[PDB]
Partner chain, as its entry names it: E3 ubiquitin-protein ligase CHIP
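Listed next as structure tokens is one chain, alone, in the form deposited without the partner chain.
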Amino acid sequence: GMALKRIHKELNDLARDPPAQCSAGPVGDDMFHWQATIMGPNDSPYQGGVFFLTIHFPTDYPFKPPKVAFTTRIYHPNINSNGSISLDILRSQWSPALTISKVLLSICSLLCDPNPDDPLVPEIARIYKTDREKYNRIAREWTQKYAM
């Protein structure tokens, strides 16, 4: 209440209607600290790769966005070596109407279609824009190495 109240509600929604390329839930009591699992989208170099995410809800949730980062190493222009995700709805474009389930969907489609003009790893961004074959080749190999 209000944060805890909503977190519980969002958990129970994922007891009936779990996201199709996602899977969430708390690490343990605490409830403000979750861990999620997304699958690599088809036709993307991340296909056939399970990626792990850490999720920390702020105390004034849902008026502030959850802190979400990849635990699994991933090769991507909007995800750095630390797991930090460059996505507007996790920042200034956050809305209290958004749920964790929708955040995961955003992240999922970011994997399918990166935003190189919004780089967090400027070197991967460059490769993505001047040499896709290289980008795809490498990301696919990182997926083999680090994704379950």
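Numbering follows the first chain given and starts at 1.
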Tell me which of 34 to 42 and 75 to 83 has the higher mean C-alpha B-factor in the deposited entry.
-> 34 to 42
Averaging the C-alpha temperature factors as deposited, the higher value of 114 to 122 versus 89 to 97 falls on 114 to 122
What third of the chain, by the recorded C-alpha B-factor, contains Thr59?
-> middle
Cα B factor band for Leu4 (lowest, middle or highest third within the chain) | middle
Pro65, C-alpha B-factor rank within chain (lowest, middle or highest third) = middle
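Heads up, the form solved in complex with the partner chain isn't pictured, but that's what we're talking about next.
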Along 33 to 63, which positions have a non-hydrogen atom within 4.5 Å of the partner chain in the deposited bound form?
-> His56, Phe57, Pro58, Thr59, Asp60
